[PDB]
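Trainee: Encoded as structure tokens, here's the structure I'll be asking about.
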Amino acid sequence: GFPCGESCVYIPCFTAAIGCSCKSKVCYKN
């Protein structure tokens, strides 16, 4: 629920393969 410092508007969260989750086209981790 807290932004990783990445986005996924156009390009998914590379950090989503770790612990982030694209959420509202921003990467939110928990």
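Identifiers in the structure tokens: chain A, B, ... in order shown; residue index from 1 per chain; ligand index from 1 in order shown.
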Residues near residue A:8, anyone? I mean within 8 Å using only C-alpha atoms, not counting same-chain ones fewer than 3 positions away, as a PyMOL selection string.

Mentor: chain A and resi 11-13+22-23+25-27

Trainee: Please return as a list in words: the residues of chain A that backbone DSSP assigns to helix (DSSP H, G or I).

Mentor: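 Filtering chain A down to helix (DSSP H, G or I) leaves residues 14, 15, 16 and 17 of chain A.
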
Trainee: Tell me, which residues of chain A carry DSSP strand (DSSP E or B), written as a ChimeraX atom specification?

Mentor: /A:2-7,21-23,26-29

Trainee: Write the residues of the preceding selection, restricted to N, CA, C and O atoms, as a short mmCIF file (atom, residue, chain, number, x, y, z; two decimals), in the first residue's frame.

Mentor:
```cif
data_model
loop_
_atom_site.label_atom_id
_atom_site.label_comp_id
_atom_site.auth_asym_id
_atom_site.auth_seq_id
_atom_site.Cartn_x
_atom_site.Cartn_y
_atom_site.Cartn_z
N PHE A 2 2.13 1.12 -0.07
CA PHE A 2 3.03 2.24 -0.05
C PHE A 2 3.85 2.23 -1.31
O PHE A 2 4.40 1.20 -1.66
N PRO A 3 3.93 3.34 -2.02
CA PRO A 3 4.59 3.40 -3.31
C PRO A 3 6.08 3.05 -3.26
O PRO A 3 6.88 3.62 -2.50
N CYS A 4 6.43 2.10 -4.09
CA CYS A 4 7.75 1.58 -4.24
C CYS A 4 8.73 2.62 -4.79
O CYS A 4 9.93 2.57 -4.51
N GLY A 5 8.21 3.53 -5.58
CA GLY A 5 9.06 4.47 -6.27
C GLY A 5 9.14 4.10 -7.74
O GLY A 5 10.08 4.47 -8.45
N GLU A 6 8.13 3.38 -8.20
CA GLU A 6 8.04 2.92 -9.56
C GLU A 6 6.59 3.09 -9.99
O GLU A 6 5.70 3.36 -9.15
N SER A 7 6.33 2.89 -11.22
CA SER A 7 5.04 3.04 -11.80
C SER A 7 4.77 1.89 -12.72
O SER A 7 5.66 1.08 -13.01
N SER A 21 3.46 -4.29 -6.10
CA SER A 21 2.26 -4.59 -6.78
C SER A 21 1.81 -3.34 -7.52
O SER A 21 1.77 -2.26 -6.93
N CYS A 22 1.60 -3.45 -8.81
CA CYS A 22 1.01 -2.41 -9.56
C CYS A 22 -0.35 -2.17 -9.00
O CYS A 22 -1.15 -3.10 -8.81
N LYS A 23 -0.57 -0.99 -8.71
CA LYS A 23 -1.78 -0.55 -8.10
C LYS A 23 -2.04 0.88 -8.52
O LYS A 23 -1.23 1.77 -8.27
N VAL A 26 0.56 2.77 -10.29
CA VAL A 26 1.74 3.11 -9.53
C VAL A 26 2.16 1.82 -8.86
O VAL A 26 1.37 0.89 -8.77
N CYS A 27 3.36 1.70 -8.42
CA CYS A 27 3.75 0.53 -7.75
C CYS A 27 3.65 0.75 -6.27
O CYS A 27 4.31 1.62 -5.73
N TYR A 28 2.84 -0.03 -5.64
CA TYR A 28 2.61 0.04 -4.26
C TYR A 28 3.01 -1.28 -3.67
O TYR A 28 2.64 -2.34 -4.15
N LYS A 29 3.81 -1.19 -2.71
CA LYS A 29 4.28 -2.28 -1.95
C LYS A 29 3.66 -2.14 -0.57
O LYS A 29 3.98 -1.19 0.16
#
```
